[PDB]
Amino acid sequence: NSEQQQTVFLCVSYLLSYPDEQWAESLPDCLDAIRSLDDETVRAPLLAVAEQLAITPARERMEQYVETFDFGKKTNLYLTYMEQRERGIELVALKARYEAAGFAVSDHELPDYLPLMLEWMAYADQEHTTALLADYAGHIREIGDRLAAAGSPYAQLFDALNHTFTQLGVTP
């Protein structure tokens, strides 16, 4: 269903965010939201990640987050990093696409930030979400493959993104 996909986008977007103490206040709600997913292919990996984080001290969640998603590594969650001027041109175009679905991109986060893009896809129509996916699915899958090659527990979230994407019509 569509609302199940919205749920996947919201939960992954949240689970890819910096896991400080304020973030953890929503982990119970996130754990319930995940458990309402019917499809085991996306429910199990989302559940594995959320449950592992729930037993991990905040200091270690934040440590591993920074050492996994550092701006220096290729696994950073900003898609235009995979040359500032060309980056900025792409950012102009991405921001215009967001407004094409009826969403005013705030000038406080970069439009290529994966958790932001995921949150947008939970609110956008299938047509706009799929058009965006066709362009950036490759970026997203490569982040997963890099995480998977580094043995990061966060790579499981991307397994769920894969299945969700192929369900929308986006195969690699």
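Draft legend 1. Expanded view of the overall build of the protein chain. Tallying secondary structure elements over the protein chain gives nine helices and zero strands in all. Shown N-terminal to C-terminal, the secondary structure of the protein chain runs as helices and strands in the order α-α-α-α-α-α-α-α-α. Its C-alpha atoms give the protein chain a radius of gyration of 15 Å, within 12% of the compact-globule value 16 Å for 172 residues. Projected onto its principal axes, the C-alpha coordinates of the protein chain cover approximately 40 × 35 × 30 Å.

Draft legend 2. The pattern of salt bridges, seen in detail. The full count for this structure, using the stated rule, is five salt bridges. Note that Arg35 and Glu51 form a salt bridge whose closest N and O atoms lie 3.3 Å from each other. Of this pair, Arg35 sits in helix α3 (residues 27–35) while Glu51 sits in helix α4 (residues 40–54), and the two are 16 residues apart along the sequence. Among the residues examined, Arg35 registers a relative accessible area of 42% and is labelled partly exposed. A residue is classified by how much of its surface remains accessible, and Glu51, at 34% relative accessible area, is partly exposed. A salt bridge links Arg97 to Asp135, with the nearest nitrogen and oxygen atoms 2.3 Å apart. In this pair, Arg97 sits in helix α6 (residues 84–100) while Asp135 sits in helix α8 (residues 126–149), placing the two residues 38 residues apart along the sequence. Look at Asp135 and you get partly exposed, because its relative accessible area is 43%.

Draft legend 3. The arrangement of the packing of helix α1 (residues 2–15) against α3 in detail. Two elements in contact, α1 and α3, have axes whose closest approach is 10 Å; the angle formed by their N-to-C orientations is 145 degrees. Crossing angle aside, the handedness with which α1 passes α3 is left-handed. Contacts between α1 and α3 involve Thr7, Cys11, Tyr14 and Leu15 on the former and, on the latter, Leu27, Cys30, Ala33 and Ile34. Among the residues forming the contact of α1 with α3, the class breakdown is seven nonpolar, one polar and no charged.

Draft legend 4. Quick peek at the nonpolar core. Ranked by internal contacts, the top residues of the largest apolar core, which has 51 residues, are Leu15, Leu16, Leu46, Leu157 and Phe158. Setting aside residues no more than four positions away along its own chain, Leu16 makes contact with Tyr65, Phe69, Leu77, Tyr113, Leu114, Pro115, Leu118, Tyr154, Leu157 and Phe158.

Draft legend 5. Inspection of the packing of aromatic side chains at higher detail. Within this structure, the stated rule accounts for 11 aromatic pairs. Taking 5.6 Å as the distance between ring centres and 75 degrees as the angle between the ring planes, the aromatic pair formed by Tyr18 and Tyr65 counts as edge-to-face. One end of the pair, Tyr18, is in the loop between α1 and α2 (21–24); the other, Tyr65, is in helix α5 (residues 58–68), and 47 residues separate them in sequence. Seen in terms of ring centroids, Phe71 and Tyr78 are 5.3 Å apart; in terms of plane orientation they differ by 50 degrees. Their pairing is tilted. Through a chain of ring-to-ring contacts, three or more aromatic side chains come together here, namely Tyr18, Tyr65, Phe69 and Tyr154.

Draft legend 6. Up close: helix α7 (residues 114–123). The buried fraction of α7 is high, at seven of 10 residues. Listed as buried for α7 are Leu114, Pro115, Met117, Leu118, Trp120, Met121 and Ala122. Where α7 is buried, its residues contact α1, α6, α8 and α9 (155–168).

Draft legend 7. View of the side chain of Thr56. On the secondary structure map, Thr56 appears in the loop between α4 and α5. For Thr56, the side chain forms a polar contact with the main-chain oxygen of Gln52, separated by 2.5 Å.

Draft legend 8. Just the environment of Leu53, in detail. Along the polypeptide, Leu53 turns up in helix α4. For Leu53, a relative accessible area of 9% gives the class buried. Separated by 26 residues in the primary sequence, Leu53 and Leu27 have C-alpha atoms spaced 8.8 Å apart. The residues contacting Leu53, other than those within four sequence positions of it, are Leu15, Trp23, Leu27, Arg61 and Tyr154.

What counts, and at which threshold
- Residues numbered from 1 in each chain as written, not as in the entry; some residues may be left out.
- Heavy atoms only, no water.
- Residues with missing side-chain atoms left out of burial classes, pairs and counts.
- Helix = DSSP H or I, 4+ residues; strand = E, 2+ residues; numbered from the N terminus.
- Rg over C-alpha atoms; globule rule 2.2 N^0.38 Å.
- Salt bridge = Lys/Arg side-chain N within 4 Å of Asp/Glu carboxyl O.
- Buried < 20%, exposed > 50% of the residue type's maximum accessible area, 1.4 Å probe, protein only.
- Axes fitted to C-alpha atoms, helices over the stretch in contact; angles between N-to-C directions.
- Left-handed = near helix turned anticlockwise from the far one by under 90°.
- Contact = heavy atoms within 4.5 Å.
- Nonpolar A, V, L, I, M, F, W, Y, C, P; charged D, E, K, R; others polar.
- Core = buried A, V, L, I, M, F, W, Y, C linked by side-chain atoms within 4.5 Å.
- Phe/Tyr/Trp six-rings, centres within 6.5 Å; stacked < 30°, edge-to-face > 60°.
- Polar contact = N/O pair within 3.5 Å; in protein donor to acceptor, adjacent residues only side chain to side chain.

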